[PDB]
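Here you get one chain, nothing else, as structure tokens; it is the form deposited in one PDB entry.
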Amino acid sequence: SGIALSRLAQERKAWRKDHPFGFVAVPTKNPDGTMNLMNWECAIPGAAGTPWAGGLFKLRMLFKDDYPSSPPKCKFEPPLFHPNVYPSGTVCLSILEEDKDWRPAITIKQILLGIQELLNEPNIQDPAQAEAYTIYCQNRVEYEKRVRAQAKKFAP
């Protein structure tokens, strides 16, 4: 898709020029070695001063041919413990749904900052996985203990 590839080239240019510290966002490669702008490997650092601090959380960003009509699918690999992350790793976030709060103008930087914000502030109205949601509601101290252990597990 010329439209998608043009925009994704723009996003790549913008990202490389200016991005939040500690974040990674890089296109992958096709089997013939050429750049695949439709599939990006990303990393989100835990925010300092939070239970997520010290962790670096890898995710994949997958674009459809009609991007930016549609949002990318954003998938933590491996899946994370968090009330709004499905067991598959897919992130549940309103800006990542075409029929909700997605806008074509939203940038890869805004997506990754939006997901970082989600990590530290779950949306209890949108549970995506039973376990983390249940613990978040029943015992916040236990919830943070689990989050800190996970952050240590994914320390770079």
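One-based numbering along the sequence shown.
Is the mean CA B factor in the deposited entry higher across 49-57 or across 108-116? Between 49-57 and 108-116, it is 49-57.
Quick check on the record: does 64-72 or 119-127 carry the larger mean Cα temperature factor? Higher mean C-alpha B-factor in the PDB entry: 119-127.
What third of the chain does residue 30 rank in for C-alpha temperature factor, lowest, middle or highest? Its C-alpha B-factor, which the entry lists for residue 30, ranks in the highest third among residues of this chain.
Test of reading the entry: by CA B factor among the chain's modelled residues, which third contains residue 4? Lowest third.
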